[PDB]
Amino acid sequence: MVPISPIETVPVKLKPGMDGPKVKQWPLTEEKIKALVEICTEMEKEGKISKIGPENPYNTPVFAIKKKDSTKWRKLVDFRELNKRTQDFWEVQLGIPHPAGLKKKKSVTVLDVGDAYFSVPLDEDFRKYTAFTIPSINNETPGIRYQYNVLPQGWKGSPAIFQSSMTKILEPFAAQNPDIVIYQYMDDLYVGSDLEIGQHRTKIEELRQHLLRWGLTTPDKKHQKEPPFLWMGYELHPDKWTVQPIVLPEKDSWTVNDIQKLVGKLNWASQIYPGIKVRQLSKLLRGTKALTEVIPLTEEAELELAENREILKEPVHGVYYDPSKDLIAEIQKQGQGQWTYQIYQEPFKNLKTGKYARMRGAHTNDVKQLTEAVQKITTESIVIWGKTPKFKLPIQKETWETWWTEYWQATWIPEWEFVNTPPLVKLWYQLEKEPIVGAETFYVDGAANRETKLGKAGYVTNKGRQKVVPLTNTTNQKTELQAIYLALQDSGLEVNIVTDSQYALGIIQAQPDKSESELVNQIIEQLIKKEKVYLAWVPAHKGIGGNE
């Protein structure tokens, strides 16, 4: 015989303080028992399991399930209990590759390694914990006891140990053959290259010979699967990729569950279909989680859906990554806190697309949102391509400089250029750094009674102008904003405003252009109409005239 290299077993432990499983075997029909006896006799012959004595105190239940439309049974060990007691492992996965990060390949071959999947040896010291029992006929004799010698299907550690064992095998081959790529998915190996078909198929045979060192045979009759590949919700082709078919159903009425399913498909589609939107459709899911409940679609939700159907009317494909070319990322504002982007290297050929949604919060502005989207795309790009794309942004260079130089926080955006495609992000107002000479000075104030929630807002100015408005159902904070609003309403195009409201200062210094508070929104619209606004803060209750 030809000696084969043994596969190092991974040492496995149970979680601290925990013992192995001791679970009652379920009774089985005489039919099922016979089926399991034969299966296990065969598995034992192959060395996958071994009979054990009565000394082993552990047990995991075994079942026989009727393979549909057939007379052949299948063996299923329910390792749920053992898995609870088995240590955590390192997910060798680390994440799934994104197709947009893959490189184009002239050839991709599939090798079946199914007869490896079930041949990884199990740590000798852990095998006892995998014990199971075939019940005896009529329960008149001891059940036949077996334990595993290899990684069992359904056991917590099998995927991780399998992947690590196959990686260990493939490492030297990949390392010494840098002109190919190798990827494992389930019980198949995928081998891609740009080599001349001849050189390529030689590589395949060399890999077959390499795998033989560990006694691993691969079927001569080559795989049935061939490009395009259906993989993790994608379609992979030699020189392009897309998502698998997205079909939005026709429906007269929509259920919570249906809407969740709609959003999911739209979210999935959004990574290559430009401009997908889900704001209005997601809004229908707000707060409620009765999966059977029917929700009427708003007129806004209907349009969004119609817009999506149009985007999805015909197939779109992305290209693969060319490391010798720059990555470009372009962003558009869509409205209602929605942003969409495309990443490409060649014009009119996207690697991928995507979207970003405004974070929930009291106040916000387009520039902050644009900034956040940039950081998201940057991070996604590091993951997929290992580098930051150059950005094309719908914001003028001058606008950006005014923003970040004057903003109270540190902020930054990597190398980018202005793209003049409306709607453009702009600054809607900018407060003065110094008090305005010649502009009327409004001293504003407000207060409310916490119990009766009645209040007042008003101002006095250096020109004798005055106003006080009585208010109902209000708060100190609200009256403070209302007072500022009144000063803005009743002043000319240039105005100095003096407030003692730390609350109002905090909001305005955040430079919102849109708010959840309609009062703030009213203030914003007033600010936009002004030529000059200087806001001054003073401490309350210190004898400050005007404000007093």
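Position 1 is the first residue in the sequence shown; the rest follow in order.
Higher average CA B factor: 26-34, of the stretches 497-505 and 26-34. Two stretches are in play, 265-273 and 198-206, and the higher mean C-alpha B-factor belongs to 198-206. Of the candidates 100, 166, 294, 131, the PDB record gives 294 the highest C-alpha temperature factor. Within the listed group 72, 433, 237, 333, the record reports its top CA B-factor for 72. Remark: residue 452 belongs to the highest third of its chain, ranked by C-alpha B-factor as recorded.
Annotation for residue 12: C-alpha temperature factor in the middle third relative to the rest of the modelled chain, per the entry.
Split the chain's modelled residues into thirds by C-alpha temperature factor. Residue 289 is in the highest one.
Looking at the C-alpha B-factors along this chain, the one for residue 229 belongs to the middle third. Among the modelled residues of its chain, residue 485 has a C-alpha B-factor that falls in the lowest third according to the deposited record.
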